[PDB]
Amino acid sequence: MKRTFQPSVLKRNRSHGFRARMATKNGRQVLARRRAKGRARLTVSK
Amino acid sequence: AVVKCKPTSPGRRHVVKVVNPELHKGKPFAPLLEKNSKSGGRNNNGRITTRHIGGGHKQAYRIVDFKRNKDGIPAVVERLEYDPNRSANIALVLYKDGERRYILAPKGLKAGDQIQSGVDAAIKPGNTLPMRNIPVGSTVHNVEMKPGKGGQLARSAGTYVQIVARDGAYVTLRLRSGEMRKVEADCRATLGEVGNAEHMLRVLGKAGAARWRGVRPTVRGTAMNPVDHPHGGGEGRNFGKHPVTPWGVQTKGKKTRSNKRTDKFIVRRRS
RNA sequence: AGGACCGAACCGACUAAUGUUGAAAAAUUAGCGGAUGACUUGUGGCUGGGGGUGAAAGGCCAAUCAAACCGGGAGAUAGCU
RNA sequence: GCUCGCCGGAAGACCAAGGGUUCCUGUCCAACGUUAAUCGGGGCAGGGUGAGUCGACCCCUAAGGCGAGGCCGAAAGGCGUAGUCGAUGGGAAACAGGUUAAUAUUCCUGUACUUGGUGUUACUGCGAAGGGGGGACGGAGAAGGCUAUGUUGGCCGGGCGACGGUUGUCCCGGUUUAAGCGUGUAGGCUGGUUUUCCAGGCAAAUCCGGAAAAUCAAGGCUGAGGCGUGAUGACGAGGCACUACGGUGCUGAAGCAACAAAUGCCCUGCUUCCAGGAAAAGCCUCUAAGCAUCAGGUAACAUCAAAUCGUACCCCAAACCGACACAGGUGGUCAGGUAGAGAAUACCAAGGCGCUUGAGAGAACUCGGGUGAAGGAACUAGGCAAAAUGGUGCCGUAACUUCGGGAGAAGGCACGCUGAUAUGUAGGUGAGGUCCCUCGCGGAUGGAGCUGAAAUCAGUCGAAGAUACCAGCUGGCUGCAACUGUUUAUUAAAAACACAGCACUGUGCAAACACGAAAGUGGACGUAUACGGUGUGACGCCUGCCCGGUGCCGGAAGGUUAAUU
RNA sequence: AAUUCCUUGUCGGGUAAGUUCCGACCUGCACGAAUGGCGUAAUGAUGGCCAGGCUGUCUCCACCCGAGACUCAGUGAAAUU
């Protein structure tokens with residue numbers, strides 16, 4: 001049976017990449033929250 | 001010619017085809033072609049705005065000349081062609097100077113016929129002149145509404161217009177819908193009718209034929225749930241309300257013309 | 001010639017048995033339907049929650065849908081256990 | 001190591017996606033492996049990925065995204081022009097052999113090819129963000145000509161049989177070779193060259209398009225395969241010597257023909273139909289502004305340059321998605337033998353495996369199968385399940401019907417092997433020879449050799465000859481829906497939803513309508529034979545009566561009635 | 001009647017025996033003409049009924065071939081309380 005997660009690197013970066021987060025006001029607020037919390041990995045870049 | 005297919009299988013019993021051997025059996029004129037991508041009834045917001053649109057056969061757009069502003073240069077018809085973007089056919093013409101263009105095919109035009117446009121043009125089918133120089137009571141097609149922008153009326157398969165009177169700078173016309181409209185006596189019009197009269201006698205014969213045209217199936221509305229359509233549902237087939245669109249409009253007599261901007265070029269709207 | 005006929009790949013899911021702390025949070029075995037088309041499939045793209053999409057079942061929208069998920073108002077209110 | 005069993009259109013081989021050292025060698029057995037473990041995709045250490053030609057980057061664009069100014073919007077922000085990004089598509093070049101414990105079209109040997117820069121010589125009209133050509137495109141069907149590949153014969157090497165026979169019409173094995181370069185065939189398309197003129201291609205133009213003459217018909221383009229060369233080479237079954245019995249030096253015979261034949265190639269072709277089938281650059285041409293003893297352009301030779309990143313391994317699976325070493329899911333490529341219509345099915349080749357608990361016993365009962373006396377649906381809500389029918393050719397076939405169907409209706413007969421007709425027939429393929437020629441990959445004639453159906457007659461074995469696998473039960477009456485299709489992923493596949501057809505009604509274009517505070521976009525680069533909404537639902541015969549109520553469409557005399565004054 | 005409460009309406013067909021099925025009758029509780037009426041060849045993993053063939057479905061079960069169940073060695077769960 002086909003499951004929900006079908007990996008694809010190209011789509012992963014275009015949907016949740018660093019540059020995708022910096023392209024909108026709301027996306028830049030996601031990074032600000034994660035920086036304040038101290039996350040070691042801000043995005044899924046690599 | 002109208003041809004009825006034999007019932008060799010279900011889906012062919014009721015098929016009626018219109019065949020015209022005069023059409024060109026070859027590729028069209030490349031220089032007068034353009035890309036035409038499908039939309040699916042969706043606008044720049046990505047939402048569906050017109051339903052029942054989707055799929056179909058790939059098509060290319062033919063650049064047709066609706067203005068006919070080349071005066072004083074006779075042209076000769078080369079061949080008739082099939083146009084997928086419209087119900088009527090088109091004709092490829094060649095001017096003396098060596099230019100080619102596409103025009104709507106009149107009723108009785110063939111290969112080799114001569115056409116011309118201008119004030120001094122002859123009164124023959126295929127010629128375009130301002131309505132000021134056209135006699136009253138004659139039949140025309142591809143009528144301009146404002147001088148210089150190109151024809152917009154009577155462009156379908158077998159449509160035409162009739163000039164009924166000429167009072168001043170305006171001419172009164174009877175449209176195919178029966179409406180009495182008047183436009184300025186400076187708009188160009190083409191003599192004759194658009195010849196595809198047999199286009200109305202075709203019978204698709206099966207559901208798949210409609211899908212080839214890009215038409216998607218229509219759901220009635222009385223078969224839906226109340227949350228989806230005013231006609232809603234019910235135990236069985238109830239329908240105890242007045243007919244109505246989605247979004248709540250009558251659909252059974254309620255007029256919806258609310259322009260009020262022109263309100264002068266209409267006399268005998270219809271019926 | 002054909003939304004034509006028989007039938008593998010491929011796409012579906014009508015019947016029975018098994019399984020039901022299963023091999024599997026929907027499968028296996030034996031039969032079954034379509035199979036040049038309103039067909040099927042790879043890669044990428046667009047439509048966002050009182051909104052989308054829907055050959056229309058209140059179906060589907062990340063194992064969740066008569067109003068998704070995450071955080072916040074929030075220690076909502078509970079004449080009831 | 002010797003046997004046995006299983007897969008073989010995969011359970012074999014090579015990749016993309018995804019994973020990220022799982023790859024190779026040495027060493028270790030606590031934990032991990034559903035048991036033991038000396039073993040492992042486990043622990044520890046070392047080693048391994050070599051490119052001008054493969055891919056990425058790069059040049060070009062599709063859907064779509066972003067978007068200087070701009071338009072619009074309380075703020076945030078939305079749309080969009082010039083532009084700039086975006087493959088799943090277009091765009092230059094390498095083949096065979098050898099080699100490592102682990103990489104190679106990347107290293108080695110042999111033999112090739114492509115695009116640029118600089119320089120020399122000779123001859124010269126060069127020049128763009130512009131014009132034209134080209135790139136450039138659908139479905140189905142029909143053959144013909146070929147190759148991959150297979151079979152047999154010939155040839156070369158070896159063999160004479162654990163038990164009757166086996167010096168022959170006997171047995172086993174091999175019989176292989178590329179890109180490139182030259183030739184330009186089967187076949188496809190198009191009539192050529194010359195001169196003058198012209199409201200067109202945003203200006204120009206020798207180019208494209210158009211018009212009028214003259215002169216010849218042989219001109220050109222495209223094109224699988226074959227042949228030659230590459231190759232006095234490489235490879236090569238088997239021998240002879242090192243020899244830790246793990247392997248390398250040296251040497252090495254034959255290397256031809258016929259027939260059969262693709263879903264691959266000629267073919268982006270040809271024929272035909274309606275639903276009428278991407279874009280841009282590279283590339284080939286034409287000139288403008290400009291520059292001409294320069295600069296640039298064409299050809300030959302020499303020389304230099306071609307960077308950077310990926311390359312191990314798994315990839316229908318124990319390494320990816322499912323919490324697992326999980327009977328599930330996952331796109332592309334390669335396609336041997338006998339029988340067969342076949343990529344079905346049965347047994348096999350190359351190759352790969354026996355699925356990570358075993359040993360005994362031979363109770364009830366459960367699961368998956370085989371057979372059955374007499375009866376044959378008496379079972380049961382119901383023939384659920386099971387049994388049964390099953391192939392090819394010929395004969396034959398009802399009611400009804402929209403004349404196509406119903407129909408494979410139903411039903412009946414014949415099927416193996418051997419010999420002859422015919423020491424292998426009809427047919428297919430086609431050598432030598434003879435003659436001719438525009439002598440060439442030519443044509444006519446010619447028939448050797450090879451290959452090979454079906455039918456009839458006679459004989460013969462068994463209980464049974466479509467013997468295995470494979471492979472329709474059939475008929476009569478009737479409700480509903482015309483039909484092919486669609487639907488509750490995970491208890492409902494239907495009489496429900498679609499449907500062609502029919503009717504009513506709205507809409508004259510800045511259309512109605514829909515998404516949007518707006519701009520704007522879809523409808524549509526469409527124009528009433530068009531588009532939206534609603535009901536009905538092929539086709540045939542038909543669709544009656546009622547406008548009081550509610551809605552919708554018209555009408556003006558009167559009464560009543562808002563803000564305002 | 002996919003519509004009929006009374007109801008297994010009444011008569012005929014089929015069966016030794018038919019609340020179902022088929023054909024008529026009309027007392028249509030409560031059919032009816034595009035939320036269409038009545039017919040209709042072909043089609044259907046659609047509903048009901050009757051025959052031929054066929055059989056372990058059954059009268060009524062018997063034997064046999066395999067995988068578990070049982071014994072030995074290794075590893076070693078769960079609901080509940």
Side-chain angles (χ1 to χ4, degrees), chain A residues 1-11 23 25, chain B residues 5-15 17 28 30-31 34-37 39 41-53 55-61 70 72-73 82-88 94-100 145 151-159 175-177 179 181 194 196-201 203-213 216-225 227-228 231 237-239 242-247 249-257 259 261-262 265-266 269:
Chain A
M1 307 169 73
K2 196 205 271 196
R3 294 266 100 89
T4 52
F5 181 53
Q6 303 298 328
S8 176
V9 179
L10 181 58
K11 311 220 292 185
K25 176 222 100 173
Chain B
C5 307
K6 287 193 172 181
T8 54
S9 93
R12 294 278 290 189
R13 315 189 68 107
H14 316 293
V15 176
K17 297 158 69 166
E34 253 187 77
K35 183 175 81 73
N36 195 25
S37 193
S39 63
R42 295 150 168 77
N43 76 335
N44 60 3
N45 282 340
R47 304 277 190 85
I48 288 165
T49 54
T50 313
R51 310 181 306 172
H52 318 330
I53 297 168
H57 203 113
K58 199 169 181 179
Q59 297 171 332
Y61 183 70
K70 275 250 284 181
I73 321 183
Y82 173 89
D83 196 357
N85 301 276
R86 66 199 67 258
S87 55
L94 174 61
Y95 289 86
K96 256 94 172 63
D97 38 8
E99 175 161 11
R100 285 186 174 83
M145 307 180 71
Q152 293 175 279
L153 313 167
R155 289 160 38 160
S156 186
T159 52
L175 311 180
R176 263 293 289 191
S177 61
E179 208 215 53
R181 204 208 159 81
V194 197
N196 207 7
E198 279 170 14
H199 170 261
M200 67 208 301
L201 310 177
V203 186
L204 309 187
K206 62 177 199 176
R211 304 298 304 271
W212 300 340
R213 312 300 221 284
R216 270 173 62 72
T218 295
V219 189
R220 274 174 283 135
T222 202
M224 302 175 170
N225 285 314
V227 73
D228 297 302
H231 293 180
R237 312 184 168 130
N238 303 137
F239 202 102
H242 292 118
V244 79
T245 79
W247 316 288
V249 193
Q250 183 79 352
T251 83
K252 233 83 202 202
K254 198 184 179 17
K255 316 191 162 163
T256 73
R257 173 172 217 275
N259 172 277
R261 175 161 54 83
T262 86
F265 322 124
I266 298 165
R269 186 129 182 275

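All chains are named by letter (A, B, ...) in the order of the sequence lines, taking the proteins before the strands, and each is independently numbered beginning at 1.
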I'd like a table of atom pairs between the protein and nucleotides 310-321 of chain D - only N or O on both sides, under 3.5 Å - with the distance next to each one.
residue: D:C321; atom: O2'; partner: A:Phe5; partner atom: O; Å: 2.8

Can you tell me, in whole Å, how much space there is between the P of D:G533 and that of D:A512?
->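 Comparing P positions in D:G533 and D:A512 gives a spacing of 15 Å.
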Mark this stacking check for B:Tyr82 against D:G276 as yes or no, applying ring centres under 5.5 Å and ring planes under 30°.
->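 Yes; by the centre-distance and plane-angle rule, B:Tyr82 counts as stacking on D:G276.
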Looking at [N], I'd like to know if its phosphate oxygens (OP1 or OP2) sit under 4.0 Å from a side-chain N or O belonging to [X].
X: B:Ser87; N: D:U529; value: no
X: B:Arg51; N: D:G533; value: yes
X: B:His52; N: C:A55; value: no
X: B:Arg220; N: D:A498; value: yes

Mind checking if [X] touches a base, just sugar-phosphate, or nothing, with heavy atoms under 4.0 Å?
X: B:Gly72; result: base
X: B:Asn259; result: nothing
X: B:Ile266; result: nothing

According to a 3.5 Å cut-off on both distances, are [N] and [M] Watson-Crick or G-U wobble paired?
N: D:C450; M: D:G46; value: no
N: D:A323; M: D:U53; value: no
N: D:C266; M: D:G144; value: yes
N: D:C394; M: D:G533; value: no
N: D:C545; M: D:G117; value: no

Among the nucleotides D:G551, D:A496, D:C509, which one has an atom lying closest to any side-chain atom of B:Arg237?
->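 Minimum distance to the B:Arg237 side chain belongs to D:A496.
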